[PDB]
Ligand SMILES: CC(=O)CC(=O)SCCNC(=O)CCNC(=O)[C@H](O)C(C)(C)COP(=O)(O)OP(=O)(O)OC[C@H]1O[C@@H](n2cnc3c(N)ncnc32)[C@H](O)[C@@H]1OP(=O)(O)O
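As structure tokens, one chain now follows by itself in the form solved without the named molecule.
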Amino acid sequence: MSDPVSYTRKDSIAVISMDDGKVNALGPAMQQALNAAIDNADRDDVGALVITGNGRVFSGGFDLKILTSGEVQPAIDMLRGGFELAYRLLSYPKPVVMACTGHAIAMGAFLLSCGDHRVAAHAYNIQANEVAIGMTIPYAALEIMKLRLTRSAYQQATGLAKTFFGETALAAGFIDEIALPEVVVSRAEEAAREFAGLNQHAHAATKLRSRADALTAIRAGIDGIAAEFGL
């Protein structure tokens, strides 16, 4: 799909929407488009970001074709880019609100877990499915999940590839708020406009303090990706 990310500034917020016409795979093209959209948000100096998926998914994860192939450097580059995007969003100086508009799997769940506030509908599944399909979870991904999940949810989400949704996702720490499907996006935008009213300097400084060790470990995980591939 020709333009997998849209960027729209609406007063105090920017809305960044993923729709590649498929499952919003976080391959190189999608990552480039997402980074370009956040660059726009930087230039526009917005009060808050909203990131959404499409009518089917938030994101189904990395480009599975690149993963299943066995190619080495392309996979390393895709994983590094995905986790760098996570680092960028977790450290973002403005509030970031995720509109989880469908299921969020693997890198989709990791991306979702970078929002300051995360809104989903009851039925939307959130899952690190890596272990179910033969992939060991990268250290950077573990650190992203560890930052948000309860101790017991973290255990099951990782080693057992547990699927969460609705009340179990809320209790686990995979999402912060449940809304009806037709208002997930509007509620995300409402929340973003509210958070834009927080003191930006204090928000930016405090969120970094509240994530310092995780960010350091994510950085280490990004640096270590090639070694995870035996290089």
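Rigid core here is just the name for the largest C-alpha set that superposes within 1.5 Å across the two forms. In case it trips you up, residue 1 is the first one in the sequence shown, and so on.
Between stretches 83-91 and 67-75, greater average Cα displacement in 4 other deposited structures of this protein relative to the shown form, fitted by the core, falls on 67-75.
Mean C-alpha B-factor is higher over 63-71 than over the other stretch, the pair under comparison being 63-71 and 47-55. In this entry, the residue among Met135, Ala128, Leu111, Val97 with the greatest C-alpha B factor is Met135. When the modelled residues of the chain are ordered by their C-alpha B factor, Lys146 lands in the lowest third.
The deposited CA B-factor of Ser17 belongs to the middle third of values across its chain. In this PDB entry, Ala172 carries a Cα temperature factor that places it within the lowest third of its chain's modelled residues. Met78: CA B factor in the middle third of modelled residues in this chain (values from the PDB entry). Among the modelled residues of its chain, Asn24 has a C-alpha B-factor that falls in the middle third according to the deposited record.
Quick note: we don't show the form solved in complex with the named molecule, though the next part is all about it.
Of the listed positions (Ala161, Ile76, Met135, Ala121), a single one reaches within 4.5 angstroms of the named molecule by any non-hydrogen atom in the deposited bound form, namely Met135.
Proximity to the named molecule in the deposited bound form, defined as a heavy atom within 4.5 Å, holds among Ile218, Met18, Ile13, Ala25 only for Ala25. In the deposited bound form, no heavy atom of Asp116 sits within 4.5 Å of the named molecule.
Contact annotation for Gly61: at least one heavy atom lies within 4.5 Å of the named molecule in the deposited bound form. Not displayed here, the named molecule is kept clear of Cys100 by more than 4.5 Å at the level of heavy atoms in the deposited bound form. Although the partner is absent here, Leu67 is a contact residue: one of its heavy atoms lies within 4.5 angstroms of the named molecule in the deposited bound form. Contact with the named molecule in the deposited bound form, judged as any non-hydrogen atom within 4.5 angstroms, is confined among 185-193, 172-180, 29-37, 53-61 to 53-61. Looking at 174-193, no residue comes within 4.5 Å of the named molecule in the deposited bound form, counting any heavy atom.
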